[PDB]
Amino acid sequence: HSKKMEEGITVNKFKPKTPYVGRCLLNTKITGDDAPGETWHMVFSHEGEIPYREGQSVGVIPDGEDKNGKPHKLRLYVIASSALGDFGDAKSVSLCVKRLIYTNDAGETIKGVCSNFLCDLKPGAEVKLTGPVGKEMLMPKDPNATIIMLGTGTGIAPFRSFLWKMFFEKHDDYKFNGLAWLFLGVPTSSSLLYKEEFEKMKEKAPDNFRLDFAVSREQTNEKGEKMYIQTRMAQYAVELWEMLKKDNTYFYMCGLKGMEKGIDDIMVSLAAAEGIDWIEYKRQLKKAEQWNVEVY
């Protein structure tokens, strides 16, 4: 009995031993020069062979071999495009990828294998994909659901997917009429992903969509605290907590593993105030398909 759009999903049509080979159509930097680190939005052609649904992931196998002459292991990317895709024909797939660069123990700079291969792709290059993967982040079946989305960085991906479906497409069997609420936590104004798309949706469905940004390094609360995602939510605690109390409210969280803790910290307090144990409540929410998380 799912509350999510699980019926007829496709999973692992394509596997690492037998990946689908698509081609890169577009690759754009989506962050400003200021921004700490780059995020790219890239679109691949799949000719309709990968029948994915909003909320799913695909695996990518970066070209080359590991230190043992074996092919690289796949990396997971949550799909950033809705099922029809950015061109609305259901034959392309889009990714939101942050370029990973670090320094090892010896002070040597290291590039992440898969993120660099991807961010480097040129239109026309081929790419090996697997999947689609996932059920965890599927959308609720209920077109009148209250949908709360908390993403950090690249974690915006699945929410972009949902939103496109909700507000930029006409579907024969789906018409969103609830309230969607997005909170996006980024470090800088130059790291605000797809804001322009979101501003157009806001205009379009002003009573159905709520939008809040948290730019850590540029925003503070009254206390003078950094504007983290929880820091921004805290400002709506009464509301959100009230929202959590209703059966038709679904929470989705995506992004950096770190985010989980600070939200649980806020939650723990709100609930206790009311005589509720957050740890148990959450578990029930999870069981009810109301508290959905994918962080990494």
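All residue numbers refer to positions in the sequence shown, first residue = 1.
- Across the two stretches, 66 to 74 and 24 to 32, the PDB entry reports the greater mean Cα temperature factor for 66 to 74.
- Higher mean CA B-factor, judged across 36 to 44 and 243 to 251 from the recorded values: 36 to 44.
- Of the candidates 186, 83, 150, 166, it is 186 whose Cα B-factor is highest according to the PDB record.
- The residue among 226, 91, 98, 135 whose C-alpha atom has the highest B-factor in the PDB entry is 226.
- Ranked by C-alpha B-factor against the other modelled residues of its chain, residue 182 falls in the lowest third.
- Remark: residue 208 belongs to the lowest third of its chain, ranked by C-alpha B-factor as recorded.
- Residue 61: CA B factor in the middle third of modelled residues in this chain (values from the PDB entry).
- When the CA B factors of the chain's modelled residues are split into thirds, the value for residue 104 lands in the highest one.
- Compared with the other modelled residues of the chain, the Cα B-factor recorded for residue 258 ranks in the highest third.
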